[PDB]
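Taking it in order: structure first as structure tokens, then the write-up.
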Amino acid sequence: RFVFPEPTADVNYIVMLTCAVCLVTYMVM
Amino acid sequence: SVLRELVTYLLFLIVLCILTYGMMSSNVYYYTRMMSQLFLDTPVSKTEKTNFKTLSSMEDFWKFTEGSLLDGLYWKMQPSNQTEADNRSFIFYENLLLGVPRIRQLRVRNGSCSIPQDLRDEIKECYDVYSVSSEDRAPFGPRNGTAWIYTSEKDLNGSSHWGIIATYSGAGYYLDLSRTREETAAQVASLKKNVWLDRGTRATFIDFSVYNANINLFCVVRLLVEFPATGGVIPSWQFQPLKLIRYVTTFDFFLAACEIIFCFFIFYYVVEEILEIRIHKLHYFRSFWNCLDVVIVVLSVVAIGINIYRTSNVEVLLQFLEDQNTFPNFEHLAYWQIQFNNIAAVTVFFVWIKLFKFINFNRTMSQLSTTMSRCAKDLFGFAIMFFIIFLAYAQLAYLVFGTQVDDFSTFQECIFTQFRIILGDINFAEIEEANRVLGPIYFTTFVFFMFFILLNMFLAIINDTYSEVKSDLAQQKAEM
Ligand SMILES: *[C@@H]1O[C@H](CO)[C@@H](O)[C@H](O)[C@H]1NC(C)=O
Ligand SMILES: *[C@@H]1O[C@H](CO)[C@@H](O)[C@H](O)[C@H]1NC(C)=O
Ligand SMILES: *[C@@H]1O[C@H](CO)[C@@H](O)[C@H](O)[C@H]1NC(C)=O
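In order, the protein sequence lines correspond to chains A and B. Letter 15 of the first sequence, counting from 1, is numbered 15 in the numbering used here, and no numbers are missing. Letter 328 of the second sequence, counting from 1, is numbered 357 in the numbering used here, and no numbers are missing.
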């Protein structure tokens with residue numbers, strides 16, 4: 001049922017910030 | 030053996046300097062300057078005071094097009110001959126106009142956005158920001174020729190541009206003008222009569238090129254006008270003086286020989302580097318003089334590859350020389366020339382840094398290198414904190430003053446402004462008229478903290494280690 005959707009060009013900052021924080025906390029831990 | 034490598038590095042320096050001497054030719058800045066003054070500085074009208082650099086509305090664009098643009102493109106015919114039919118135009122009696130200029134636009138679709146249901150009565154039309162997924166691909170208006178019909182990117186042989194607001198595609202609604210002013214003006218008037226630039230247009234490109242047979246140097250001119258979704262007009266331009274007929278004179282043969290010698294030098298350097306790494310010192314990376322070597326080799330290989338790619342792919346000029354009444358597509362060549370120039374510049378910059386390996390001849394120069402090597406670690410350690418505080422200030426400025434000052438409109442712009450403040454290159458005006466509170470507070474705190482604390486801390490870090498190294502060397506010399 002996979003679609004390979006969204007050929008659109010946009011950026012969602014919420015997901016990027018969450019992932020960056022979750023990686024930085026591991027790096028400092 | 031401190032002498033086999035020194036000589037072959039001075040030879041490399043000589044070859045590189047010879048290469049960039051002919052690459053950056055003289056009497057080239059004046060050519061671009063004259064073109065820029067002719068096109069971007071002539072007022073759009075005799076009674077008007079605006080030029081291309083200060084376009085303010087879609088009505089000003091139409092005044093510029095059928096106006097200061099046609100005046101600079103189709104110069105006089107200098108009538109002294111038969112003038113059989115539609116004689117060509119020399120822009121400065123020296124600059125030949127190649128082919129014919131092209132104009133094109135990129136627009137969006139009426140049913141793009143989604144206005145809220147609360148006020149869906151007083152709002153009838155809406156157009157979203159430019160995007161590939163929200164592009165118009167249907168005939169509009171008098172669907173008669175190629176100016177009212179979409180034509181895909183592959184059919185124009187175009188590519189992206191990466192303008193100021195977004196990255197525009199290579200497709201759109203285009204039109205090729207005529208070779209004489211009396212016909213190009215008629216075509217533009219016909220385009221303007223029945224509206225061609227509606228409210229849904231997002232960008233407009235105008236492209237042409239010139240030759241200047243005196244000094245063999247082509248020049249491609251591109252002018253872009255961006256219409257953002259929020260209104261207004263943003264102009265941009267580029268004038269690239271590229272060359273395509275290199276081997277005409279003996280100096281070009283000399284430059285080709287120098288390029289061949291440079292390729293041989295790069296091959297020798299990469300062979301010796303791989304020979305060293307294959308057997309000796311399988312770690313090899315704790316010296317800071319080997320990362321520079323691999324960086325130089327990689328950059329030089331990339332430059333050679335780009336040069337070969339953009340020198341073999343010159344079939345566009347051959348195609349143009351068959352039929353000279355067609356638009357010459359010379360944009361990829363200019364893009365690759367810009368890329369090659371950047372790569373060559375950074376490589377030339379890094380070679381002079383590599384030069385540092387050999388200035389250690391006398392004792393008074395050994396202590397300076399020793400001090401730098403000993404203090405680099407602490408300098409990096411403090412630079413981490415310096416950059417963290419700098420970025421905190423930059424993000425605060427971006428979030429506070431980033432919508433009104435036009436100097437903090439972007440994070441990069443905030444960083445550049447904060448570096449310029451250190452230079453004492455700030456006006457202190459737009460900050461305070463932007464906000465009478467938290468305006469001067471930010472400036473005062475930034476100047477105080479940054480300048481005093483961090484500059485003096487850097488000075489202390491360098492001075493302490495310099496004094497320690499000098500005292501250690503003096504004691505060792507006096508005790509031996
Ligand atoms: C654009 O679409 C709206 C409804 O989505 C419609 O009312 C309007 O007439 C359309 N305009 C054009 C020029 O098609
Ligand atoms: C539309 O095409 C017809 C073809 O016969 C031509 O006569 C007419 O001038 C054109 N109108 C334009 C280009 O506005
Ligand atoms: C694009 O490339 C094709 C392929 O050679 C060529 O025939 C054509 O003239 C070029 N330009 C346009 C506008 O199609």
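Virtual Cβ for every residue (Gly too), placed ideally from N, Cα, C.
query: Quick check on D322 of chain B: buried or exposed, where buried means 16 or more other Cβ atoms within 10 Å of its Cβ?; result: buried
query: Mind listing, in chain order, the continuous beta strand (DSSP E) runs of no fewer than 3 residues lying wholly within the segment 461 to 508 of chain B?; result: none
query: Sorry if obvious, but does the Cβ on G174 of chain B come closer than 7 Å to a heavy atom of ligand 2?; result: yes
query: Under 8 Å, do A176 of chain B and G187 of chain B count as touching if we go by C-beta distance?; result: no
query: Less than 8 Å between CB atoms is the rule here; does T8 of chain A satisfy it with respect to chain B?; result: yes
query: Where DSSP assigns a beta bridge to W91 of chain B, which residues make up the other side?; result: Bridge partners of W91 of chain B: none, in fact.
query: Helix, strand or coil, according to DSSP, for residue 536 of chain B in the structure here?; result: This structure cannot settle anything about residue 536 of chain B, because the visible part of chain B is limited to 30 through 509.
query: What residues from chain A crowd round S54 of chain B, counting only those whose CB sits closer than 9 Å?; result: In chain order: nothing, as chain A lies at least about 40 Å away.
query: So who's on the other strand from residue 9 of chain B, going by DSSP bridges?; result: The first residue shown for chain B is 30 and the last is 509, placing residue 9 of chain B beyond what the model contains.
query: Just to confirm the assignment: which complete beta strand (DSSP E) runs, minimum length 3, are found wholly within the segment 239 to 304 of chain B?; result: 248 to 255 and 263 to 269
query: Spell out the partners DSSP gives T213 of chain B in its beta bridges.; result: Beta-bridge pairing links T213 of chain B to no other residue.
query: List the endpoints of the continuous alpha helix (DSSP H) containing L321 of chain B.; result: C320 to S341
query: Taking 6 Å as the limit, tell me which residues put their C-beta closer than that to any heavy atom of ligand 5, in chain order.; result: Absence of ligand 5 is noted for the structure shown, with ligand 1, ligand 2 and ligand 3 being the only ligands found.
query: What are the residues of the segment 147 to 179 of chain B that lie near chain A, defined by any Cβ-Cβ distance shorter than 8 Å?; result: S160, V161 and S162
query: For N245 of chain B, verify whether its CB is less than 7 Å away from any heavy atom of ligand 1.; result: no
query: Candidates B:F317, B:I333, B:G229 and B:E360: which alpha carbon is nearest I295 of chain B's?; result: B:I333
query: Under 6 Å Cβ to Cβ from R315 of chain B, same chain only, skipping five residues before and after it: list those, please.; result: none
query: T278 of chain B and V254 of chain B: beta carbons closer than 8 Å?; result: no
query: Do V326 of chain B and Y298 of chain B have their C-beta atoms within less than 8 Å of each other?; result: yes
query: Between the C-alpha atoms of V36 of chain B and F378 of chain B, what's the straight-line distance to the nearest angstrom?; result: 20 Å
query: How should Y156 of chain B be labelled, buried or exposed, when 16 other C-beta atoms within 10 angstroms of its C-beta is the threshold for buried?; result: buried
query: Note the first and the last residue of the continuous alpha helix (DSSP H) segment covering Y427 of chain B.; result: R392 to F430
query: So, using beta-carbon positions, are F411 of chain B and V129 of chain B closer together than 8 Å?; result: no
query: Since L204 of chain B is in the beta strand (DSSP E), which residue starts that stretch and which ends it?; result: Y202 to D205
query: Kindly indicate which residue of B:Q441, B:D436, B:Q366 and B:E442 has the alpha-carbon position closest to the one of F457 of chain B.; result: B:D436
query: When the Cα atoms are used, what is the spatial distance from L185 of chain B to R166 of chain B?; result: 15 Å
query: Is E164 of chain B near ligand 1, judged by its Cβ being under 7 Å from some heavy atom?; result: no
query: Please check the pair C287 of chain B and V44 of chain B, which I expect to be a contact at CB under 8 Å, by giving their CB distance rounded to whole angstroms.; result: 6 Å
query: Return the residue from the list B:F68, B:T230 and B:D70 that minimises the CA-CA distance to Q134 of chain B.; result: B:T230
query: Is the separation between the beta-carbon of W365 of chain B and that of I335 of chain B shorter than 8 Å?; result: yes
query: Applying the 10 Å Cβ sphere with the 16-neighbour rule, what's the burial state of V28 of chain A?; result: exposed
query: Tell me the rounded alpha-carbon separation between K75 of chain B and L484 of chain B.; result: 54 Å
query: Are the CB atoms of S97 of chain B and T61 of chain B within a distance shorter than 8 Å?; result: no
query: Pair every Cβ in the segment 418 to 426 of chain B with every Cβ in the segment 440 to 456 of chain B, then say whether three or more of these pairs are closer than 8 Å.; result: yes
query: Taking 7 Å as the cut-off, does the CB of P171 of chain B come closer than this to any heavy atom belonging to ligand 2?; result: yes
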